[PDB]
A.B. asks: 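Dumping the structure here so I can ask a few things about it.
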Amino acid sequence: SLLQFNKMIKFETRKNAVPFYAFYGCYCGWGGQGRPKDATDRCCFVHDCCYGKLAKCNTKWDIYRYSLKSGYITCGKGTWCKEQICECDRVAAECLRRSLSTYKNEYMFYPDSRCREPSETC
Amino acid sequence: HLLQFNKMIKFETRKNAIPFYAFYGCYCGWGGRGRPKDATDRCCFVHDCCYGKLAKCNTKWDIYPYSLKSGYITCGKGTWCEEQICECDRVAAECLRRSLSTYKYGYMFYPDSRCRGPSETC
Amino acid sequence: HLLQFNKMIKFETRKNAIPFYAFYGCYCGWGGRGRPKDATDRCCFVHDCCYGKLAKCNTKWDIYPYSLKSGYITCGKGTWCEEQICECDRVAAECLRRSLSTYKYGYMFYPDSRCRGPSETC
Amino acid sequence: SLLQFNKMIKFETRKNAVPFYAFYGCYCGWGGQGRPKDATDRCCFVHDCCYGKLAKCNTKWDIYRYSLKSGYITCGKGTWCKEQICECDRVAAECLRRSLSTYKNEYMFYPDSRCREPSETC
Ligand SMILES: [Ca+2]
Ligand SMILES: [Ca+2]
C-alpha cells in the first residue's frame, strides 16, 4: 500500500502522487526498467531498490504509521518492516522534493520505448 | 492500475494495449459479452472474470507494486487488493503473450454485433 | 471511428486521447454518469449525448471522412451517420481545445464509482 | 461512404480495409497531414487529394455503382460525381494493390508524431 507514500509525496512536493509521480519516467509507478531519466525518476528507481532490499518483508508488507514531527516526515516505531518500508517512502518523498528543481511535466507517461535500455542493477 | 496493466501487456507482447488489445474481440475492450473468439480474447475474458471477483477493489485505478527488472513480471507484496489486481493483470499479460501466435488483426475492432449469444459464464 | 476521434483530439489539444482524455472526469471514459466535473468533462458529456442521438449509427467504429489539411477539422460529406458522428467528434475535439485552460491532471483517472449522484440528462 | 471503396480494396489487395488500410501511415484513414510515408500511404494521400478535387460533389456525395468487367473494377455510369468518386476509389484501390510490394504492417496505426512534417500539397 502506497497510501502513506502518496501522503508523504503530497507533503514534500505539494503535488499529488497521481499522476505527477504515479507515471513519470522509467521508474515512477513501478514496472521500472532501463535507466531513470532525471533526478525525480532516480528517486523512484531508488525507492524501488529500497523496497527491493526488504526481502524479509515480502511475507508481511505492513502498513506503517508516521507523523509530522517538527515539520519532518517522521517514521513511527513498530515492526522492522514498518520502519524500513516507511524509511524507503520517507527517503523517496524527500528525494522527490529535492528533484522538484528538474521535474518536467513532459516526463509523465514517459514512453516505455525510451525505457528499454539495459536496466540499472540497483 | 490500467496503465500498469498496459505496461505489462507491452512488456509481454511488445504491442501497445491500445490499439491492439483495448478493443480486441468480444472481451478485451471495456465491457464485453458473448464468447471469446480466440485465445487472445479468452485471455481478456478471464481477466474480466479475474476482476469480477474483486468488486471490493478498485481494479482499474489502484496502483500496485510490481517489477519487470527480473525479466519477468512479478507482483509485489501489498494489500490483498493490490496483489489480486496485479495478479489478474500479470496473468492476462502473460496470457496475451502466449496467444501472440493466433492474434488476428481482423479481431482488433470487433462489433458487439457479432459478440452476442449466451455470454459465456465466468 | 474512435481512432479518428482521437486524431482530432490530438490535432485540437496536442495531447493524446489516451491517457489524457480517455478516462478524464466522469464522462470522457467508456461509460459515464453523474455530473460533468468540469468544462473538459462537459465536452465528453455532450459527446456522449451527441452519440446518444445516433443509436442507429455505429458511432464508435464507423469510419468517416474528414480533413485537417485546412488547418481546422472538416467533416466530409458522406452518409448521414458518417457526418453526424464526425460532427460529434469534431465538436468534441474543438470543445476539448477550448477547455484546455481548465484541464486538471487530477481528473485524468477519475473513479466512476465515486461521482455518482444524479446523472445529468442530455 | 467507403463501403464501395473498402470492397475495391479487398478485391485489389485481398486485405480488409480495416485495419490494414483504415489506419496506415499518415493519410490512410483520413485526417491525414505531413508526408506520405511509403507507396501505400501515398495512395491514400492521392485518394484524399482526388476526393478534394471533388469540389462540386459535397452537396450530393452519393454511393456509386461499380462492377467487375474482365477482372477489372469498373466504374458504372451515373451522375458525374458517382463516376468521379468511383474513379478516385478505383485508382486508389488499384494503387494499394501495387503498393503491396512495400506494405509494412508496422505502419498500421502509424504514430501521429511522425506525421507533423509540413503537409505535402495536393
Ligand atoms: Ca473487458
Ligand atoms: Ca463516455
Side-chain angles (χ1 to χ4, degrees), chain A residues 1-6 9 16-36 44-45 47-64 81-82 84-85 88-89 92 108-122, chain B residues 1-22 43 47 50-51 54 56-97 100:
Chain A
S1 192
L2 311 158
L3 253 40
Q4 300 305 283
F5 189 36
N6 298 333
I9 291 162
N16 301 311
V18 180
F20 302 74
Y21 295 109
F23 324 87
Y24 185 103
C26 294
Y27 287 84
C28 298
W30 286 280
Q33 57 168 165
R35 296 211 230 196
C44 298
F45 172 82
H47 185 245
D48 188 18
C49 299
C50 195
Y51 271 22
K53 303 204 226 67
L54 300 186
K56 43 286 294 175
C57 307
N58 295 302
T59 305
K60 197 194 177 195
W61 202 268
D62 306 83
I63 300 186
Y64 63 83
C81 290
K82 295 182 190 311
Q84 295 292 164
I85 293 179
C88 288
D89 297 356
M108 282 179 76
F109 311 104
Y110 195 61
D112 69 88
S113 73
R114 288 197 189 68
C115 301
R116 303 179 209 159
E117 311 148 296
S119 300
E120 199 171 309
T121 53
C122 264
Chain B
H1 189 291
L2 221 318
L3 266 57
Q4 295 178 303
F5 177 38
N6 171 273
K7 188 185 292 183
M8 284 183 180
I9 289 167
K10 218 299 177 55
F11 177 78
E12 290 287 10
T13 77
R14 295 187 177 192
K15 306 174 170 179
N16 301 305
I18 297 173
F20 303 92
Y21 289 110
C43 289
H47 185 268
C50 193
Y51 268 21
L54 310 172
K56 301 164 228 44
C57 310
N58 180 0
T59 60
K60 304 190 178 188
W61 311 128
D62 282 353
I63 297 173
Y64 51 66
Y66 75 107
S67 189
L68 306 186
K69 224 237 68 175
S70 286
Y72 50 90
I73 300 170
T74 282
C75 284
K77 254 280 179 173
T79 61
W80 184 74
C81 279
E82 302 163 332
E83 290 169 352
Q84 295 301 306
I85 300 167
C86 177
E87 182 58 42
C88 288
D89 300 343
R90 180 188 73 81
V91 165
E94 185 95 291
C95 182
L96 294 171
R97 184 218 90 215
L100 270 177

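Both backbone and side-chain heavy atoms feed into the values below; hydrogens, waters and symmetry mates do not. Below, chain A is the first sequence line, B the second, and so on; all start at residue 1.
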A.B. asks: If I take atom CG from residue B:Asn6 and atom CG from residue A:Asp112, how far apart are they, to the nearest 0.5 angstrom?
C.D. replies: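 The CG atom of A:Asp112 is 7.5 Å from CG of B:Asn6, to the nearest 0.5 Å.
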
A.B. asks: How many angstroms lie between NZ in B:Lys77 and CG in A:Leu54, if you round to the nearest 0.5 Å?
C.D. replies: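 Between atom NZ of B:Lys77 and atom CG of A:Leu54 there are 14.0 Å.
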
A.B. asks: B:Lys69 and A:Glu120: which non-hydrogen atoms are nearest, and at how many Å?
C.D. replies: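 Heavy atoms only, the tightest pair is CD-O, 4.2 Å.
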
A.B. asks: Who passes side chain to side chain contact (heavy atoms under 4.5 Å, CB included) against B:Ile18, sequence neighbours left out?
C.D. replies: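 Side chain to side chain contact (heavy atoms under 4.5 Å, CB included) check on B:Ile18 returns B:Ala22, B:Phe23, C:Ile18.
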
A.B. asks: Suppose we screen for salt bridge (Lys or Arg N to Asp or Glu O under 4.0 Å). Which residues come up paired with B:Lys56, at least two apart in sequence or across chains?
C.D. replies: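 Per chain and number, B:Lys56 pairs via salt bridge (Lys or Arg N to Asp or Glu O under 4.0 Å) with no residue.
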
A.B. asks: Which atom names give the shortest non-hydrogen contact between B:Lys7 and A:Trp30, and what distance separates them?
C.D. replies: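 Heavy atoms only, the tightest pair is NZ-O, 2.8 Å.
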
